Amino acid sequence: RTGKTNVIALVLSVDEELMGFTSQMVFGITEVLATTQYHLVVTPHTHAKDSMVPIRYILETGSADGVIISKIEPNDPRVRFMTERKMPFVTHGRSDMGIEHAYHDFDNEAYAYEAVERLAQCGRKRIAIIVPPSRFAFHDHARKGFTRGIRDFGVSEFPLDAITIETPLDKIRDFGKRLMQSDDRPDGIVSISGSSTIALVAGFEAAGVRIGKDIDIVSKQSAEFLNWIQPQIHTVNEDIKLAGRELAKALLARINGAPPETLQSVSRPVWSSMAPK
């Protein structure tokens, strides 16, 4: 098929986090598409090994006019493939491979940097971070921002490797409890996932630790939920709704031939108003 399909393909890994609020992203897209003739098709894949499968399928069948992808690697084969094959696309996240494409992303570097600052201002001295799998680009951003922050704000890092934000929550909780039972424990935590934080706090409290007294937490969240039962968590909002709208706008313009360099945006960390000041 080669004709105008009026289809936007949203490609999503089924492997998502608990508190991803994915549908808010979806509705951001469709809200924008509603003033157009485009339909949103949701196209899943299960894991890393079949990441390229839906991309190849879309281009083999020509079933979409544009593609939305996420979980971007710095050298992402999907970006490369769709660029070569002239398929309009937008990424939720950013690549680093010499390819100018439409994108929208959250500034995880600035978040991690400002997270350390916030913890330092709380008087905390030994800071740990829970990062994504190292293969995704926003791991590096977070890691980069965190590392700068440790140095710029005169504190030290409490080393941590046992878990990532994709570690199952039950095992995150188990880890968080054992951590606070040790004599060598951090007094500050930076989390790159609202889901992981939930599990961590659970493990912490199970160890007797009081959030905001014995340890402080800074966490991202893709919707406002962390402060309801845990008001002492320092929360940063990532606007997943806005992301969806921006992804749709950029892709529509790209389909209509706008230059990729003009279709790029990065949203900054904002402290949740329910977060302690």
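For every residue, the number given is its place in the sequence shown, counted from 1.
A.B. asks: For the C-alpha atoms alone, is the average B factor greater in 219 to 227 or in 25 to 33, going by the entry?
C.D. replies: Taking the mean B-factor of the alpha carbons in each, 219 to 227 is higher.
A.B. asks: State which stretch shows the higher mean Cα B factor in the entry: 245 to 253 or 42 to 50.
C.D. replies: The deposited B-factors put 42 to 50 ahead on the C-alpha mean.
A.B. asks: Just grab whichever of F89, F138, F153, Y113 has the top CA B-factor as deposited.
C.D. replies: It is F153.
A.B. asks: Between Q181, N75, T197, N108, where does the Cα B-factor run highest in the record?
C.D. replies: It is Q181.
A.B. asks: Against its chain's modelled residues, does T147's Cα B factor rank lowest, middle or highest third?
C.D. replies: Middle third of the chain for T147's C-alpha B-factor.
A.B. asks: Among the modelled residues of this chain, does the Cα B factor of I189 put it in the lowest, middle or highest third?
C.D. replies: Answer is middle: the recorded C-alpha B-factor places it there.
A.B. asks: Sorting by Cα B-factor within the chain, modelled residues only, which third would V209 end up in: lowest, middle or highest?
C.D. replies: Its C-alpha B-factor, which the entry lists for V209, ranks in the highest third among residues of this chain.
A.B. asks: Where does the C-alpha B-factor of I99 rank in its chain, lowest, middle or highest third?
C.D. replies: Lowest third - that is where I99 ends up once the chain's C-alpha B-factors are sorted.
A.B. asks: Would the CA B-factor of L169 place it in the lowest, middle or highest third of its chain?
C.D. replies: According to the entry, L169 has a C-alpha B-factor in the chain's highest third.
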